[PDB]
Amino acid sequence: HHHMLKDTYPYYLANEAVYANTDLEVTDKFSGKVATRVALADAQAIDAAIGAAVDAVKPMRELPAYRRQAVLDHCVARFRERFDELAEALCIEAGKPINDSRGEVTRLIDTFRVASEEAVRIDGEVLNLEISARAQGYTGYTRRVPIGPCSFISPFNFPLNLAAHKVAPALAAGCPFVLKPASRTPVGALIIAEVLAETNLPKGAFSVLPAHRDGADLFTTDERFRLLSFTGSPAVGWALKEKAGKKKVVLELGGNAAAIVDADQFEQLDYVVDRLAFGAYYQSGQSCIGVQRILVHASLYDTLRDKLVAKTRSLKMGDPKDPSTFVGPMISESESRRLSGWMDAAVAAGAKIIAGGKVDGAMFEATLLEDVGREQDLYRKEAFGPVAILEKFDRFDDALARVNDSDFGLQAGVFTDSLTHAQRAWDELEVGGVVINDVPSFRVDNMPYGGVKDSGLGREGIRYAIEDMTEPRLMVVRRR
């Protein structure tokens, strides 16, 4: 350990640091103390950033692929150099257990490395257009042109890697961008910005501007932005789509992800239980694909329940700086009170707490319930905390229907060795991604990732983000 968190941070306006004020206090989410103060961007700074992004469109578009790759490679190298600094910043400002903070910094590097690879292979097509006599002598050629200035909004819980899934493809694609990180967790994004400020990018290629939601209207409504890409809560995301105007909108939202445990899993129950506990309680359940609902075949239910109760009770809660901590604080006392209120309501309606259940401020222990009615808020809304619900099924198709019994559809997991059941799940689960033999909580950063129903609109993963951040431009050549 060597402490590198600064007492103050600037924001980044058109690639350069501005120590405009110290008005945004960032707390340590475990101690509650102010850990650092960062510059808060007002609407004039946001407007200036957008104008600079417009001016950077042509210089960014003209940057050759290998230069964009070199920028991304510089980031990769510097993130590796500053690995412990990034991990500690994440631990402090998100209250994220240090082991898992280190894991997210590894993902940040992974995401930029995928972007570095994809930056030099944004290919096009030579299209046969001679499909009829009228088109004799015509040929098509395609390319992907950067869409223009992009507006990026990211959430508190994976602040490094979810910013990376917008920033890194934008650089690969050649788009200027303005990123607004979560005000509770801005420091990681500002370290990313400091690293980018070391590169030769054209001025206006990027701004990173902390701003509260109530001062952030221009990120959605300014017509100079050609894309809004938002990662955050469904309630916010769908509201911003309505206000976005002409720009393209990409939404990465939330859900109440389910895992199914099939009848053939007896011999690997310890593996299953370990992955269920990871998915339900990693980062205290503050994951957009955290396991919230667990559907277990009746033949295995009692044995799995005993094992999962024991595993859940074994998880260490406490200071996220402690490398033995698995369950750190929830992001605020108000979020803990929201979830504990839903838990109380489920219990009042007949549910039973079978592991955990103690809440002390933002310290919510890993908690497991059964007999939760499907009508309950704890069942149907996004828990976003260290609570999971255990339920029983007989017929695989009933398990699938109950996974789908939701407003949401981000990912689902199925522990099965049956080809028939895996195929049926792929056919029938209305989700962005179906995970076989692991929890829905799995993501690798090159894969297409996103939700359907109320959980999203579009996909991230570097290739898919590049597609959204570019416009195809066809050239038709006529030969006579």
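Just count from 1 along the sequence shown to find any residue number.
The mean C-alpha temperature factor is higher for 13-21 when 464-472 and 13-21 are set side by side. With 37-45 and 413-421 compared on mean CA B-factor from the PDB entry, the stretch scoring higher is 37-45.
Within the selection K453, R67, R61, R443, the deposited Cα B-factor values reach their highest point at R61. Comparing the C-alpha B-factors of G279, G328, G254, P176 in the entry, the top value falls on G328. When the CA B factors of the chain's modelled residues are split into thirds, the value for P448 lands in the lowest one. Ranked by C-alpha B-factor against the other modelled residues of its chain, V57 falls in the highest third. Among all modelled residues in this chain, the alpha-carbon of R224 has a temperature factor (C-alpha) in the middle third.
In the PDB entry, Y301 places in the highest third of its chain by CA B-factor. Sorting the modelled residues of the chain by their CA temperature factor places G432 in the lowest third.
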